[PDB]
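Participant: First the structure, which I've put down as structure tokens, then a few questions once you've had a look.
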Amino acid sequence: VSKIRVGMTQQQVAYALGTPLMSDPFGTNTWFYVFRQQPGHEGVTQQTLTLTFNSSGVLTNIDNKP
Amino acid sequence: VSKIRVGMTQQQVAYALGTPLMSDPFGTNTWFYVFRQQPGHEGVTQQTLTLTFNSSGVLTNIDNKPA
Amino acid sequence: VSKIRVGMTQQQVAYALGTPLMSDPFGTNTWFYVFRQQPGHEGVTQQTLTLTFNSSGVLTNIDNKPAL
Amino acid sequence: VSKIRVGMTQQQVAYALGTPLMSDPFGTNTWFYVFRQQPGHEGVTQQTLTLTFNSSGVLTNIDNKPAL
Amino acid sequence: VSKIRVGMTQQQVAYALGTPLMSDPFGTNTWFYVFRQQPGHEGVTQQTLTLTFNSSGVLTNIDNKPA
Amino acid sequence: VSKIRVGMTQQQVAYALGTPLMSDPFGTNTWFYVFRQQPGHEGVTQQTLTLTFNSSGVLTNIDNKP
């Protein structure tokens with residue numbers, strides 16, 4: 001924590017402390033859902049969803065898995 | 001168990017599905033650390049850190065409250 | 001690990017092992033909700049709620065973000 | 001939400017909103033460690049540790065899994 | 001920041017990297033639920049559930065302790 | 001919780017309660033790492049690792065991202 005200073009880039013902070021446990025999802029390019037402890041789950045593997053957004057915050061790819 | 005389509009904004013997707021469990025931290029403005037399971041913890045409350053970055057990804061505020 | 005002993009205070013245990021991944025919320029003074037993967041979310045930041053309780057486990061402060 | 005009020009007990013708040021995603025570990029009676037993404041892990045199940053504290057925040061029970 | 005190679009067993013990978021943050025629950029023997037942020041919670045402790053499944057994926061023990 | 005009974009398959013339980021918050025990683029086919037709050041992080045995106053194991057518990061694929 002003394003390992004960081006105002007003016008550092010996200011790369012410099014992440015090098016010092018690691019990436020954070022949480023961050024705000026708005027403005028970022030990738031959102032990942034894992035649908036746990038939600039009734040109605042189906043299949044032989046954990047349902048997940050990866051969403052890709054462009055720099056304007058618009059959804060460009062929907063990746064279901066499976 | 002709900003409907004999205006390409007071209008939706010993040011507000012539309014969050015209304016439909018909720019915010020995601022995880023998202024990529026690079027490019028956003030607020031990072032939040034909670035230092036768990038790390039030896040050397042001190043104090044009477046859980047140590048945390050909130051960082052604010054500007055539109056360019058540079059750190060402008062370090063909030064260690066506590067405290 | 002072997003670096004903890006019965007009789008230790010929560011500070012000593014937290015200095016040896018760090019705080020735990022999880023703990024029972026009853027009896028503590030601060031609760032933190034993060035409303036994720038819940039349809040109906042609104043706004044331009046992640047909705048959260050920080051509740052402060054006194055010693056008697058009574059709620060004394062409600063802190064919504066964003067502000068209601 | 002609007003379904004909580006200052007003066008509520010932790011039970012009333014938990015009935016209205018559920019327990020929180022996170023809480024401050026200090027002051028509670030049970031801590032639970034899950035040692036993941038930590039090099040050195042051994043054995044055939046996930047290593048965990050459950051610590052029980054009394055009212056004074058003093059450790060009274062250590063429960064390692066698997067058993068040491 | 002540590003070294004794995006194809007052909008390693010899960011014990012070898014866990015020694016090198018630790019266990020993973022997440023894994024697929026299907027096919028294993030122990031499931032653990034912690035019911036957070038769900039309205040209608042009752043009791044003086046966090047409600048949890050530990051389920052044991054046999055090698056075939058069938059439920060053989062329901063542990064609701066608490067209690 | 002009264003929604004489940006001994007003898008149900010993992011598919012029946014997951015349909016009633018959802019998948020669990022946690023499960024034991026040994027014996028399963030996919031392990032996912034997200035290296036957060038670990039100093040030394042590098043890059044312009046969150047480092048992760050997906051490992052695939054066969055039914056004998058042997059590592060068959062290493063997928064770094066990026």
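Just remember, in the structure tokens the first chain shown is A, the second B, etc., residues are 1-based per chain, and ligands are 1-based in the order shown.
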Hand me chain B as it sits after a least-squares fit onto chain E over every Cα, paired in order, written as a CSV table (one decimal) with N, CA and C atoms, in the first residue's frame.
Facilitator:
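Generated file (result_31.csv):
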chain,number,residue,atom,x,y,z
B,1,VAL,N,2.9,-17.2,-12.3
B,1,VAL,CA,4.3,-17.1,-11.6
B,1,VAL,C,4.6,-18.5,-11.0
B,2,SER,N,4.5,-19.5,-11.8
B,2,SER,CA,5.0,-20.9,-11.5
B,2,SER,C,4.6,-21.9,-12.5
B,3,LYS,N,5.3,-23.1,-12.5
B,3,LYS,CA,5.4,-23.9,-13.7
B,3,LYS,C,4.6,-25.3,-13.7
B,4,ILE,N,3.8,-25.4,-14.7
B,4,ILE,CA,3.0,-26.6,-14.9
B,4,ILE,C,3.3,-27.1,-16.3
B,5,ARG,N,3.1,-28.4,-16.5
B,5,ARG,CA,3.1,-29.1,-17.8
B,5,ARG,C,2.0,-30.1,-18.0
B,6,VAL,N,1.5,-30.2,-19.2
B,6,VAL,CA,0.5,-31.3,-19.6
B,6,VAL,C,1.0,-32.7,-19.0
B,7,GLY,N,0.1,-33.5,-18.6
B,7,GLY,CA,0.5,-34.8,-18.0
B,7,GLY,C,0.6,-34.8,-16.5
B,8,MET,N,0.7,-33.6,-15.9
B,8,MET,CA,0.6,-33.5,-14.4
B,8,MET,C,-0.7,-33.9,-13.9
B,9,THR,N,-0.7,-34.4,-12.6
B,9,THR,CA,-2.0,-34.8,-11.9
B,9,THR,C,-2.5,-33.6,-11.3
B,10,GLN,N,-3.7,-33.6,-10.8
B,10,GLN,CA,-4.3,-32.5,-10.1
B,10,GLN,C,-3.4,-32.1,-8.8
B,11,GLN,N,-2.9,-33.2,-8.1
B,11,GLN,CA,-2.0,-32.9,-7.0
B,11,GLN,C,-0.8,-32.2,-7.4
B,12,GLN,N,-0.1,-32.5,-8.5
B,12,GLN,CA,1.0,-31.8,-9.0
B,12,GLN,C,0.7,-30.3,-9.3
B,13,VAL,N,-0.5,-30.1,-10.0
B,13,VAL,CA,-0.9,-28.7,-10.4
B,13,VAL,C,-1.2,-27.9,-9.1
B,14,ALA,N,-1.9,-28.5,-8.2
B,14,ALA,CA,-2.3,-27.8,-6.9
B,14,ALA,C,-1.0,-27.4,-6.1
B,15,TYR,N,0.0,-28.3,-6.1
B,15,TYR,CA,1.2,-28.0,-5.4
B,15,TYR,C,1.9,-26.8,-6.1
B,16,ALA,N,1.9,-26.8,-7.4
B,16,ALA,CA,2.6,-25.7,-8.2
B,16,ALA,C,1.8,-24.4,-8.1
B,17,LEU,N,0.5,-24.4,-8.3
B,17,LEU,CA,-0.3,-23.1,-8.4
B,17,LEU,C,-1.2,-22.9,-7.3
B,18,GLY,N,-1.5,-23.9,-6.5
B,18,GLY,CA,-2.6,-23.9,-5.6
B,18,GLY,C,-3.8,-24.4,-6.2
B,19,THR,N,-4.9,-24.7,-5.5
B,19,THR,CA,-6.2,-25.0,-6.1
B,19,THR,C,-6.7,-23.8,-6.8
B,20,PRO,N,-7.7,-24.0,-7.8
B,20,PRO,CA,-8.2,-22.9,-8.6
B,20,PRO,C,-9.3,-22.0,-7.8
B,21,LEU,N,-9.5,-20.8,-8.3
B,21,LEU,CA,-10.6,-20.0,-7.7
B,21,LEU,C,-11.9,-20.7,-7.9
B,22,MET,N,-12.1,-21.3,-9.1
B,22,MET,CA,-13.4,-22.0,-9.4
B,22,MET,C,-13.2,-23.3,-10.1
B,23,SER,N,-14.1,-24.2,-10.0
B,23,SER,CA,-14.0,-25.4,-10.8
B,23,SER,C,-15.4,-25.9,-11.1
B,24,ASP,N,-15.5,-26.8,-12.0
B,24,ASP,CA,-16.8,-27.2,-12.4
B,24,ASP,C,-17.4,-28.1,-11.3
B,25,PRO,N,-18.6,-27.9,-10.8
B,25,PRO,CA,-19.1,-28.7,-9.7
B,25,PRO,C,-19.5,-30.2,-10.1
B,26,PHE,N,-19.8,-30.4,-11.4
B,26,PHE,CA,-20.3,-31.7,-11.8
B,26,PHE,C,-19.2,-32.7,-11.8
B,27,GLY,N,-19.5,-33.9,-11.2
B,27,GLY,CA,-18.5,-34.9,-11.2
B,27,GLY,C,-17.7,-35.0,-9.9
B,28,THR,N,-17.8,-33.9,-9.0
B,28,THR,CA,-17.1,-34.0,-7.8
B,28,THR,C,-18.1,-34.5,-6.6
B,29,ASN,N,-17.5,-34.7,-5.5
B,29,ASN,CA,-18.3,-35.4,-4.4
B,29,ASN,C,-18.9,-34.4,-3.3
B,30,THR,N,-18.3,-33.2,-3.2
B,30,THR,CA,-18.8,-32.3,-2.2
B,30,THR,C,-19.2,-30.9,-2.7
B,31,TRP,N,-20.4,-30.5,-2.5
B,31,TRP,CA,-20.9,-29.2,-2.9
B,31,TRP,C,-21.2,-28.4,-1.6
B,32,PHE,N,-21.0,-27.1,-1.6
B,32,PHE,CA,-21.1,-26.3,-0.4
B,32,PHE,C,-21.9,-25.0,-0.8
B,33,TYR,N,-23.0,-24.9,-0.2
B,33,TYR,CA,-23.8,-23.7,-0.5
B,33,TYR,C,-23.8,-22.7,0.7
B,34,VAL,N,-23.7,-21.4,0.4
B,34,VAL,CA,-23.8,-20.4,1.5
B,34,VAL,C,-24.8,-19.4,0.9
B,35,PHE,N,-26.0,-19.4,1.5
B,35,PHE,CA,-27.1,-18.6,0.9
B,35,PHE,C,-27.1,-17.1,1.4
B,36,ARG,N,-26.4,-16.3,0.6
B,36,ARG,CA,-26.2,-14.9,0.9
B,36,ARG,C,-27.1,-14.1,0.0
B,37,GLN,N,-27.5,-12.9,0.5
B,37,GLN,CA,-28.2,-11.9,-0.3
B,37,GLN,C,-29.5,-12.4,-0.8
B,38,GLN,N,-30.0,-13.4,-0.1
B,38,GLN,CA,-31.3,-13.9,-0.4
B,38,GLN,C,-32.3,-13.6,0.7
B,39,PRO,N,-33.3,-12.8,0.3
B,39,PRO,CA,-34.3,-12.4,1.3
B,39,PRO,C,-35.0,-13.7,1.9
B,40,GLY,N,-35.5,-13.5,3.2
B,40,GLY,CA,-36.1,-14.6,3.9
B,40,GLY,C,-35.1,-15.5,4.8
B,41,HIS,N,-33.9,-15.0,4.9
B,41,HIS,CA,-32.9,-15.7,5.7
B,41,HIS,C,-33.4,-15.6,7.2
B,42,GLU,N,-33.3,-16.8,7.9
B,42,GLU,CA,-33.7,-16.9,9.3
B,42,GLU,C,-32.6,-17.5,10.1
B,43,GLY,N,-32.5,-17.1,11.4
B,43,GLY,CA,-31.6,-17.7,12.3
B,43,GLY,C,-30.5,-16.7,12.8
B,44,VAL,N,-29.7,-17.3,13.7
B,44,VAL,CA,-28.7,-16.4,14.3
B,44,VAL,C,-27.4,-16.7,13.7
B,45,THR,N,-27.3,-17.6,12.7
B,45,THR,CA,-26.1,-17.8,12.0
B,45,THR,C,-26.4,-18.0,10.5
B,46,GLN,N,-25.3,-17.8,9.7
B,46,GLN,CA,-25.4,-17.9,8.2
B,46,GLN,C,-25.9,-19.3,7.9
B,47,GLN,N,-27.0,-19.4,7.1
B,47,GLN,CA,-27.5,-20.7,6.6
B,47,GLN,C,-26.5,-21.3,5.5
B,48,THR,N,-26.2,-22.5,5.7
B,48,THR,CA,-25.3,-23.2,4.7
B,48,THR,C,-25.8,-24.6,4.4
B,49,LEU,N,-25.2,-25.2,3.4
B,49,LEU,CA,-25.6,-26.6,3.1
B,49,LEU,C,-24.4,-27.3,2.5
B,50,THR,N,-24.1,-28.5,3.0
B,50,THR,CA,-23.1,-29.3,2.4
B,50,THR,C,-23.7,-30.6,1.9
B,51,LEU,N,-23.5,-30.9,0.6
B,51,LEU,CA,-24.0,-32.0,0.0
B,51,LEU,C,-22.9,-33.0,-0.4
B,52,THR,N,-23.2,-34.3,-0.2
B,52,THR,CA,-22.2,-35.3,-0.5
B,52,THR,C,-22.9,-36.2,-1.6
B,53,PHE,N,-22.1,-36.4,-2.7
B,53,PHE,CA,-22.5,-37.2,-3.8
B,53,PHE,C,-21.6,-38.4,-3.9
B,54,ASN,N,-22.1,-39.5,-4.4
B,54,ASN,CA,-21.2,-40.7,-4.6
B,54,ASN,C,-20.5,-40.6,-6.0
B,55,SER,N,-19.7,-41.7,-6.3
B,55,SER,CA,-18.9,-41.7,-7.6
B,55,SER,C,-19.8,-41.5,-8.8
B,56,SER,N,-21.1,-41.8,-8.7
B,56,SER,CA,-22.1,-41.8,-9.8
B,56,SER,C,-22.8,-40.5,-9.9
B,57,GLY,N,-22.6,-39.6,-8.9
B,57,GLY,CA,-23.3,-38.3,-9.0
B,57,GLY,C,-24.6,-38.2,-8.4
B,58,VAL,N,-24.9,-39.1,-7.4
B,58,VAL,CA,-26.2,-39.2,-6.8
B,58,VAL,C,-26.0,-38.7,-5.3
B,59,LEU,N,-27.0,-38.0,-4.9
B,59,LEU,CA,-26.9,-37.4,-3.6
B,59,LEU,C,-27.1,-38.4,-2.4
B,60,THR,N,-26.2,-38.5,-1.5
B,60,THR,CA,-26.3,-39.5,-0.4
B,60,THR,C,-26.3,-38.9,1.0
B,61,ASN,N,-26.0,-37.6,1.2
B,61,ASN,CA,-26.0,-37.0,2.4
B,61,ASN,C,-26.3,-35.5,2.3
B,62,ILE,N,-27.2,-35.0,3.1
B,62,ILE,CA,-27.6,-33.6,3.1
B,62,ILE,C,-27.2,-33.1,4.5
B,63,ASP,N,-26.3,-32.1,4.6
B,63,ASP,CA,-25.9,-31.6,5.9
B,63,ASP,C,-26.3,-30.2,6.0
B,64,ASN,N,-27.3,-29.9,6.8
B,64,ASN,CA,-27.8,-28.5,7.0
B,64,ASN,C,-27.2,-27.8,8.2
B,65,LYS,N,-26.4,-28.5,8.9
B,65,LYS,CA,-25.7,-27.9,10.1
B,65,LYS,C,-25.2,-26.5,9.6
B,66,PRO,N,-25.7,-25.4,10.2
B,66,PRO,CA,-26.7,-25.3,11.3
B,66,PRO,C,-28.2,-25.7,11.1
B,67,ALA,N,-28.8,-26.6,12.0
B,67,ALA,CA,-28.2,-27.3,13.1
B,67,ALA,C,-29.2,-28.2,13.8
Participant: Find the residues around range 46-53 of chain A up to 6 Å (only C-alpha atoms counted), leave out those fewer than 6 positions away in its own chain, and share them as a ChimeraX atom specification.
Facilitator: /A:29-35,59-65 /E:24
Participant: Only C-alpha atoms, please: the residues just picked out, written as a PDB file, in the first residue's frame.
Facilitator:
ATOM      1  CA  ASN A  29     -14.710  -4.502 -22.309  1.00  0.00           C
ATOM      2  CA  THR A  30     -15.421  -7.929 -20.808  1.00  0.00           C
ATOM      3  CA  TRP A  31     -18.146  -9.071 -18.391  1.00  0.00           C
ATOM      4  CA  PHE A  32     -18.231 -12.631 -17.050  1.00  0.00           C
ATOM      5  CA  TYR A  33     -21.247 -14.262 -15.464  1.00  0.00           C
ATOM      6  CA  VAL A  34     -21.302 -17.518 -13.522  1.00  0.00           C
ATOM      7  CA  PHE A  35     -24.837 -18.425 -12.677  1.00  0.00           C
ATOM      8  CA  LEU A  59     -22.474  -5.337 -26.732  1.00  0.00           C
ATOM      9  CA  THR A  60     -20.550  -6.932 -29.653  1.00  0.00           C
ATOM     10  CA  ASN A  61     -20.290 -10.624 -28.746  1.00  0.00           C
ATOM     11  CA  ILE A  62     -22.336 -13.079 -26.698  1.00  0.00           C
ATOM     12  CA  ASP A  63     -20.459 -16.189 -25.662  1.00  0.00           C
ATOM     13  CA  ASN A  64     -22.414 -18.897 -23.907  1.00  0.00           C
ATOM     14  CA  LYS A  65     -20.703 -21.863 -22.456  1.00  0.00           C
TER      15      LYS A  65
ATOM     16  CA  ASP E  24     -16.800 -27.207 -12.408  1.00  0.00           C
TER      17      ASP E  24
END
Participant: Could you please tell me, as a list in words, which residues of chain D have an atom within 12 Å of chain F when using only C-alpha atoms?
Facilitator: residues 21, 34, 36, 37, 38, 42, 43, 44, 45, 46, 47 and 48 of chain D
Participant: Would you mind writing down, as number ranges by chain, each residue of range 2-67 of chain D that DSSP on the backbone assigns to alpha helix (DSSP H)?
Facilitator: D: 10-17
Participant: Excluding range 50-55 of chain C and residues on its chain fewer than 6 positions from it, collect all residues at most 12 Å away from it, counting only C-alpha atoms, and give them as an MDAnalysis selection string.
Facilitator: (chainID C and resid 25:35 61:67) or (chainID D and resid 1 4:11 13:14 17 19:24 26:28 55)
Participant: Quick one: pick out all strand (DSSP E) residues within chain E from a backbone DSSP run and write them as a list in words.
Facilitator: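 Residues of chain E classed as strand (DSSP E): residues 22, 23, 30, 31, 32, 33, 34, 48, 49, 50, 51, 52, 53, 59, 60, 61, 62 and 63 of chain E.
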Participant: Using CA of residue 45 in chain A and CA of residue 41 in chain D as the two end points, give the distance in Å to one decimal.
Facilitator: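 A separation of 25.3 Å between them.
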Participant: In Å, how far is it from CA of residue 19 in chain F to CA of residue 39 in chain A?
Facilitator: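 Result for CA of residue 19 in chain F versus CA of residue 39 in chain A: 8.0 Å, one decimal.
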Participant: What does the structure give for the distance between CA of residue 21 in chain F and CA of residue 28 in chain A, in Å to one decimal?
Facilitator: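 Going from CA of residue 21 in chain F over to CA of residue 28 in chain A, I get 25.2 Å.
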